[PDB]
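Below is upload-v4.pdb, holding PDB, C-alpha atoms and all ligand atoms.
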```pdb
ATOM      1  CA  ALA A   1      28.445   0.175 -16.434  1.00  0.00           C
ATOM      2  CA  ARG A   2      25.005  -0.032 -18.025  1.00  0.00           C
ATOM      3  CA  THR A   3      22.248   1.686 -16.044  1.00  0.00           C
ATOM      4  CA  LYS A   4      18.637   2.627 -16.665  1.00  0.00           C
ATOM      5  CA  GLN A   5      19.893   6.045 -17.791  1.00  0.00           C
ATOM      6  CA  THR A   6      22.469   4.690 -20.248  1.00  0.00           C
ATOM      7  CA  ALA A   7      20.161   1.944 -21.533  1.00  0.00           C
ATOM      8  CA  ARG A   8      17.322   4.359 -22.319  1.00  0.00           C
ATOM      9  CA  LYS A   9      19.698   6.713 -24.138  1.00  0.00           C
ATOM     10  CA  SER A  10      21.083   3.798 -26.150  1.00  0.00           C
ATOM     11  CA  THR A  11      17.671   2.398 -27.132  1.00  0.00           C
ATOM     12  CA  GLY A  12      15.897   5.748 -27.316  1.00  0.00           C
ATOM     13  CA  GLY A  13      12.284   6.193 -26.343  1.00  0.00           C
ATOM     14  CA  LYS A  14       9.587   3.585 -26.652  1.00  0.00           C
ATOM     15  CA  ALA A  15       7.405   4.161 -29.685  1.00  0.00           C
ATOM     16  CA  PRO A  16       4.138   5.932 -28.765  1.00  0.00           C
TER      17      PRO A  16
ATOM     18  CA  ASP B   1       1.305 -13.089 -23.050  1.00  0.00           C
ATOM     19  CA  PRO B   2       4.306 -12.070 -25.211  1.00  0.00           C
ATOM     20  CA  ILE B   3       3.438  -9.061 -27.366  1.00  0.00           C
ATOM     21  CA  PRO B   4       4.577  -9.882 -30.932  1.00  0.00           C
ATOM     22  CA  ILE B   5       5.621  -6.265 -31.546  1.00  0.00           C
ATOM     23  CA  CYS B   6       8.905  -4.539 -30.703  1.00  0.00           C
ATOM     24  CA  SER B   7       8.342  -1.698 -28.239  1.00  0.00           C
ATOM     25  CA  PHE B   8      10.978   0.473 -29.934  1.00  0.00           C
ATOM     26  CA  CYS B   9      10.347   0.105 -33.685  1.00  0.00           C
ATOM     27  CA  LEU B  10       6.861  -1.517 -33.592  1.00  0.00           C
ATOM     28  CA  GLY B  11       7.998  -4.225 -35.997  1.00  0.00           C
ATOM     29  CA  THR B  12       7.178  -7.902 -35.721  1.00  0.00           C
ATOM     30  CA  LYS B  13       9.774 -10.669 -35.878  1.00  0.00           C
ATOM     31  CA  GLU B  14       9.558 -10.182 -39.673  1.00  0.00           C
ATOM     32  CA  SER B  15      10.733  -6.549 -39.740  1.00  0.00           C
ATOM     33  CA  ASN B  16      13.325  -4.973 -37.444  1.00  0.00           C
ATOM     34  CA  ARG B  17      14.608  -1.428 -37.969  1.00  0.00           C
ATOM     35  CA  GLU B  18      16.431  -2.537 -41.141  1.00  0.00           C
ATOM     36  CA  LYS B  19      13.290  -4.344 -42.439  1.00  0.00           C
ATOM     37  CA  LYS B  20      14.957  -7.699 -41.876  1.00  0.00           C
ATOM     38  CA  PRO B  21      13.577 -10.599 -39.831  1.00  0.00           C
ATOM     39  CA  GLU B  22      14.822 -10.836 -36.253  1.00  0.00           C
ATOM     40  CA  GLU B  23      13.317 -12.731 -33.339  1.00  0.00           C
ATOM     41  CA  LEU B  24      11.884 -10.840 -30.372  1.00  0.00           C
ATOM     42  CA  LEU B  25      12.934 -11.025 -26.739  1.00  0.00           C
ATOM     43  CA  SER B  26       9.899 -10.787 -24.462  1.00  0.00           C
ATOM     44  CA  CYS B  27       9.567  -9.733 -20.829  1.00  0.00           C
ATOM     45  CA  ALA B  28       8.304 -12.591 -18.666  1.00  0.00           C
ATOM     46  CA  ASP B  29       6.310 -10.239 -16.410  1.00  0.00           C
ATOM     47  CA  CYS B  30       4.676  -7.637 -18.684  1.00  0.00           C
ATOM     48  CA  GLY B  31       5.007  -9.285 -22.109  1.00  0.00           C
ATOM     49  CA  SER B  32       6.693  -6.304 -23.777  1.00  0.00           C
ATOM     50  CA  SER B  33       9.108  -7.327 -26.512  1.00  0.00           C
ATOM     51  CA  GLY B  34      12.050  -5.939 -28.418  1.00  0.00           C
ATOM     52  CA  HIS B  35      14.425  -6.909 -31.165  1.00  0.00           C
ATOM     53  CA  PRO B  36      17.906  -7.513 -29.699  1.00  0.00           C
ATOM     54  CA  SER B  37      19.218  -4.976 -32.230  1.00  0.00           C
ATOM     55  CA  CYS B  38      16.709  -2.427 -30.892  1.00  0.00           C
ATOM     56  CA  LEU B  39      17.656  -3.351 -27.320  1.00  0.00           C
ATOM     57  CA  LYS B  40      21.290  -2.736 -28.373  1.00  0.00           C
ATOM     58  CA  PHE B  41      22.305  -6.227 -27.256  1.00  0.00           C
ATOM     59  CA  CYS B  42      25.364  -7.935 -28.655  1.00  0.00           C
ATOM     60  CA  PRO B  43      24.994 -11.576 -29.781  1.00  0.00           C
ATOM     61  CA  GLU B  44      26.689 -12.867 -26.613  1.00  0.00           C
ATOM     62  CA  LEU B  45      24.225 -10.981 -24.412  1.00  0.00           C
ATOM     63  CA  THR B  46      21.304 -12.022 -26.621  1.00  0.00           C
ATOM     64  CA  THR B  47      22.134 -15.729 -26.379  1.00  0.00           C
ATOM     65  CA  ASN B  48      22.607 -15.593 -22.596  1.00  0.00           C
ATOM     66  CA  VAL B  49      19.392 -13.628 -22.089  1.00  0.00           C
ATOM     67  CA  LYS B  50      18.075 -16.638 -23.978  1.00  0.00           C
ATOM     68  CA  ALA B  51      19.312 -18.661 -21.103  1.00  0.00           C
ATOM     69  CA  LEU B  52      16.970 -17.252 -18.377  1.00  0.00           C
ATOM     70  CA  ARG B  53      13.663 -15.672 -17.330  1.00  0.00           C
ATOM     71  CA  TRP B  54      14.132 -12.188 -18.792  1.00  0.00           C
ATOM     72  CA  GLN B  55      12.632  -8.938 -17.509  1.00  0.00           C
ATOM     73  CA  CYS B  56      12.447  -5.673 -19.408  1.00  0.00           C
ATOM     74  CA  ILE B  57      13.988  -2.527 -17.940  1.00  0.00           C
ATOM     75  CA  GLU B  58      10.662  -1.461 -16.414  1.00  0.00           C
ATOM     76  CA  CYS B  59       9.969  -4.812 -14.700  1.00  0.00           C
ATOM     77  CA  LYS B  60      13.566  -5.627 -13.725  1.00  0.00           C
ATOM     78  CA  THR B  61      14.032  -6.697 -10.107  1.00  0.00           C
ATOM     79  CA  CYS B  62      17.374  -7.047  -8.325  1.00  0.00           C
ATOM     80  CA  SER B  63      18.561 -10.619  -8.756  1.00  0.00           C
ATOM     81  CA  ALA B  64      19.953 -10.622  -5.205  1.00  0.00           C
ATOM     82  CA  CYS B  65      17.216  -9.006  -3.091  1.00  0.00           C
ATOM     83  CA  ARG B  66      14.363  -9.832  -5.540  1.00  0.00           C
ATOM     84  CA  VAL B  67      12.713  -6.374  -5.602  1.00  0.00           C
ATOM     85  CA  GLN B  68      12.865  -3.317  -7.834  1.00  0.00           C
ATOM     86  CA  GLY B  69      13.784  -1.084  -4.948  1.00  0.00           C
ATOM     87  CA  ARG B  70      13.067   2.503  -4.485  1.00  0.00           C
ATOM     88  CA  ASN B  71      15.604   4.303  -6.724  1.00  0.00           C
ATOM     89  CA  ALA B  72      15.908   3.696 -10.449  1.00  0.00           C
ATOM     90  CA  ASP B  73      19.384   5.268 -10.541  1.00  0.00           C
ATOM     91  CA  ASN B  74      21.251   2.652  -8.468  1.00  0.00           C
ATOM     92  CA  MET B  75      20.573  -0.426 -10.607  1.00  0.00           C
ATOM     93  CA  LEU B  76      23.220  -1.662 -13.025  1.00  0.00           C
ATOM     94  CA  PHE B  77      22.796  -4.325 -15.693  1.00  0.00           C
ATOM     95  CA  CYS B  78      25.243  -7.162 -16.279  1.00  0.00           C
ATOM     96  CA  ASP B  79      27.021  -6.958 -19.643  1.00  0.00           C
ATOM     97  CA  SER B  80      26.860 -10.769 -19.947  1.00  0.00           C
ATOM     98  CA  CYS B  81      23.304 -11.680 -18.895  1.00  0.00           C
ATOM     99  CA  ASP B  82      21.375  -8.364 -18.502  1.00  0.00           C
ATOM    100  CA  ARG B  83      20.449  -9.150 -14.886  1.00  0.00           C
ATOM    101  CA  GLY B  84      19.892  -6.078 -12.735  1.00  0.00           C
ATOM    102  CA  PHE B  85      21.575  -5.508  -9.383  1.00  0.00           C
ATOM    103  CA  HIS B  86      21.421  -2.755  -6.818  1.00  0.00           C
ATOM    104  CA  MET B  87      24.834  -1.262  -6.125  1.00  0.00           C
ATOM    105  CA  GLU B  88      24.337  -2.268  -2.485  1.00  0.00           C
ATOM    106  CA  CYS B  89      23.531  -5.865  -3.496  1.00  0.00           C
ATOM    107  CA  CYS B  90      26.762  -6.465  -5.415  1.00  0.00           C
ATOM    108  CA  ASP B  91      29.663  -8.492  -4.091  1.00  0.00           C
ATOM    109  CA  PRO B  92      31.316  -6.503  -2.690  1.00  0.00           C
ATOM    110  CA  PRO B  93      28.785  -3.650  -2.528  1.00  0.00           C
ATOM    111  CA  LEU B  94      29.642  -0.865  -4.956  1.00  0.00           C
ATOM    112  CA  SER B  95      30.137   2.669  -3.673  1.00  0.00           C
ATOM    113  CA  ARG B  96      30.143   3.869  -7.285  1.00  0.00           C
ATOM    114  CA  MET B  97      29.067   2.734 -10.749  1.00  0.00           C
ATOM    115  CA  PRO B  98      31.991   1.185 -12.677  1.00  0.00           C
ATOM    116  CA  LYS B  99      33.005   2.620 -16.031  1.00  0.00           C
ATOM    117  CA  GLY B 100      32.795   0.290 -18.949  1.00  0.00           C
ATOM    118  CA  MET B 101      32.116  -3.405 -18.773  1.00  0.00           C
ATOM    119  CA  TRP B 102      30.699  -4.997 -15.626  1.00  0.00           C
ATOM    120  CA  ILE B 103      29.797  -8.648 -15.059  1.00  0.00           C
ATOM    121  CA  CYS B 104      27.530  -9.834 -12.248  1.00  0.00           C
ATOM    122  CA  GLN B 105      28.216 -12.398  -9.531  1.00  0.00           C
ATOM    123  CA  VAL B 106      26.027 -15.049 -11.189  1.00  0.00           C
ATOM    124  CA  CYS B 107      28.112 -14.983 -14.380  1.00  0.00           C
ATOM    125  CA  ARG B 108      31.457 -15.005 -12.572  1.00  0.00           C
ATOM    126  CA  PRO B 109      33.028 -18.468 -12.239  1.00  0.00           C
ATOM    127  CA  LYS B 110      33.010 -20.431  -8.995  1.00  0.00           C
TER     128      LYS B 110
HETATM  129 ZN    ZN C   1      12.614  -3.282 -33.007  1.00  0.00          ZN
HETATM  130 ZN    ZN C   2       8.328  -5.951 -18.461  1.00  0.00          ZN
HETATM  131 ZN    ZN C   3      18.988  -5.546  -4.508  1.00  0.00          ZN
HETATM  132 ZN    ZN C   4      25.477 -11.686 -15.335  1.00  0.00          ZN
END
```
Take the structure in the file and give it back as structure tokens.
Amino acid sequence: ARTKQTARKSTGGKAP
Amino acid sequence: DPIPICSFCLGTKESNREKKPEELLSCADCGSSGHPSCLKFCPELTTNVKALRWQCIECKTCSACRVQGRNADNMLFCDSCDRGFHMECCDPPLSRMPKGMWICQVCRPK
């Protein structure tokens, strides 16, 4: 399943 | 309200990560936007998300109980519509995160 953990790893960090 | 810049690659709708045009999906609550390719959405998911009021990962509330809840770890996202659900708010409640694809109760047929 997709979670906040898996989603953030898949997208990577937000650009600063 | 919608921010015309992708939060991940900082491109507009004219320039995704491959420097090609791609429309942005925008969070209805905070305005943050992303290219579907940057969000890692498939076309099916992208079109369905373009069937509802969409929230980004940081604004997402449980579609059943209507709140974000206390723990970030127990929300899962539907592989068809990107809605978020608490494990406890699923039908039946989930004792454990499934592996692989999961589809929420709203998307499942009557
Ligand atoms: Zn992008
Ligand atoms: Zn948001
Ligand atoms: Zn809930
Ligand atoms: Zn769904």
Nearby residues, ligand ZN 4 (chain C), 7 Å, only C-alpha atoms and all ligand atoms, as a PyMOL selection string: chain B and resi 78-83+103-107
Just want the residues within 10 Å of ligand ZN 1 (chain C), written as a PyMOL selection string, counting all atoms listed in the file. (chain A and resi 11+14-15) or (chain B and resi 5-13+15-19+22-25+33-40)
Pick out the residues no farther than 6 Å from ligand ZN 2 (chain C), counting all atoms listed in the file, and list them as an MDAnalysis selection string. chainID B and resid 27 29:32 55:56 58:59
Output the neighbourhood of ligand ZN 3 (chain C) as a PyMOL selection string, that is, all protein and nucleic acid residues with some atom at most 6 Å from the ligand, counting all atoms listed in the file. chain B and resi 62+64-65+85-86+89
Please determine the contact residues of chain A with respect to chain B at a cut-off of 8 Å, counting only C-alpha atoms, and supply them as a PyMOL selection string. chain A and resi 1-5+10-15
Interatomic distance, CA of residue 47 in chain B to CA of residue 66 in chain B (Å, one decimal):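 Rounded to one decimal, the two atoms are 23.0 Å apart.
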Mind writing chain A to a file for me, with N, CA and C atoms, as a PDB file, in the first residue's frame?
```pdb
ATOM      1  N   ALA A   1       0.828  -1.201   0.000  1.00  0.00           N
ATOM      2  CA  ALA A   1       0.000   0.000   0.000  1.00  0.00           C
ATOM      3  C   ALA A   1       0.864   1.253   0.000  1.00  0.00           C
ATOM      4  N   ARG A   2       0.317   2.346  -0.521  1.00  0.00           N
ATOM      5  CA  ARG A   2       1.016   3.622  -0.511  1.00  0.00           C
ATOM      6  C   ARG A   2       0.727   4.350   0.794  1.00  0.00           C
ATOM      7  N   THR A   3       1.786   4.812   1.450  1.00  0.00           N
ATOM      8  CA  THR A   3       1.694   5.535   2.707  1.00  0.00           C
ATOM      9  C   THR A   3       2.458   6.844   2.567  1.00  0.00           C
ATOM     10  N   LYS A   4       2.395   7.667   3.613  1.00  0.00           N
ATOM     11  CA  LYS A   4       3.181   8.894   3.610  1.00  0.00           C
ATOM     12  C   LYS A   4       4.668   8.587   3.493  1.00  0.00           C
ATOM     13  N   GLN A   5       5.123   7.501   4.124  1.00  0.00           N
ATOM     14  CA  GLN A   5       6.529   7.119   4.016  1.00  0.00           C
ATOM     15  C   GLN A   5       6.887   6.719   2.588  1.00  0.00           C
ATOM     16  N   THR A   6       6.091   5.836   1.975  1.00  0.00           N
ATOM     17  CA  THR A   6       6.427   5.380   0.629  1.00  0.00           C
ATOM     18  C   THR A   6       6.267   6.503  -0.389  1.00  0.00           C
ATOM     19  N   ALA A   7       5.249   7.349  -0.221  1.00  0.00           N
ATOM     20  CA  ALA A   7       5.027   8.434  -1.172  1.00  0.00           C
ATOM     21  C   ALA A   7       6.182   9.427  -1.160  1.00  0.00           C
ATOM     22  N   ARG A   8       6.668   9.792   0.031  1.00  0.00           N
ATOM     23  CA  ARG A   8       7.765  10.750   0.111  1.00  0.00           C
ATOM     24  C   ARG A   8       9.062  10.174  -0.442  1.00  0.00           C
ATOM     25  N   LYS A   9       9.289   8.870  -0.273  1.00  0.00           N
ATOM     26  CA  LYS A   9      10.470   8.260  -0.877  1.00  0.00           C
ATOM     27  C   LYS A   9      10.350   8.232  -2.395  1.00  0.00           C
ATOM     28  N   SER A  10       9.135   8.015  -2.902  1.00  0.00           N
ATOM     29  CA  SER A  10       8.938   7.936  -4.343  1.00  0.00           C
ATOM     30  C   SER A  10       9.080   9.307  -4.998  1.00  0.00           C
ATOM     31  N   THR A  11       8.503  10.348  -4.390  1.00  0.00           N
ATOM     32  CA  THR A  11       8.624  11.693  -4.938  1.00  0.00           C
ATOM     33  C   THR A  11       9.949  12.355  -4.591  1.00  0.00           C
ATOM     34  N   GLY A  12      10.592  11.939  -3.505  1.00  0.00           N
ATOM     35  CA  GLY A  12      11.723  12.674  -2.981  1.00  0.00           C
ATOM     36  C   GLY A  12      11.265  13.909  -2.231  1.00  0.00           C
ATOM     37  N   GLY A  13      12.242  14.672  -1.760  1.00  0.00           N
ATOM     38  CA  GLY A  13      11.949  15.869  -0.996  1.00  0.00           C
ATOM     39  C   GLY A  13      11.362  16.989  -1.832  1.00  0.00           C
ATOM     40  N   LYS A  14      10.625  17.881  -1.180  1.00  0.00           N
ATOM     41  CA  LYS A  14      10.188  19.094  -1.814  1.00  0.00           C
ATOM     42  C   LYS A  14      11.398  19.990  -2.029  1.00  0.00           C
ATOM     43  N   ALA A  15      11.389  20.697  -3.151  1.00  0.00           N
ATOM     44  CA  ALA A  15      12.499  21.585  -3.473  1.00  0.00           C
ATOM     45  C   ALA A  15      12.516  22.785  -2.536  1.00  0.00           C
ATOM     46  N   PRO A  16      13.657  23.014  -1.871  1.00  0.00           N
ATOM     47  CA  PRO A  16      13.835  24.159  -0.974  1.00  0.00           C
ATOM     48  C   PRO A  16      14.030  25.467  -1.735  1.00  0.00           C
TER      49      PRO A  16
END
```
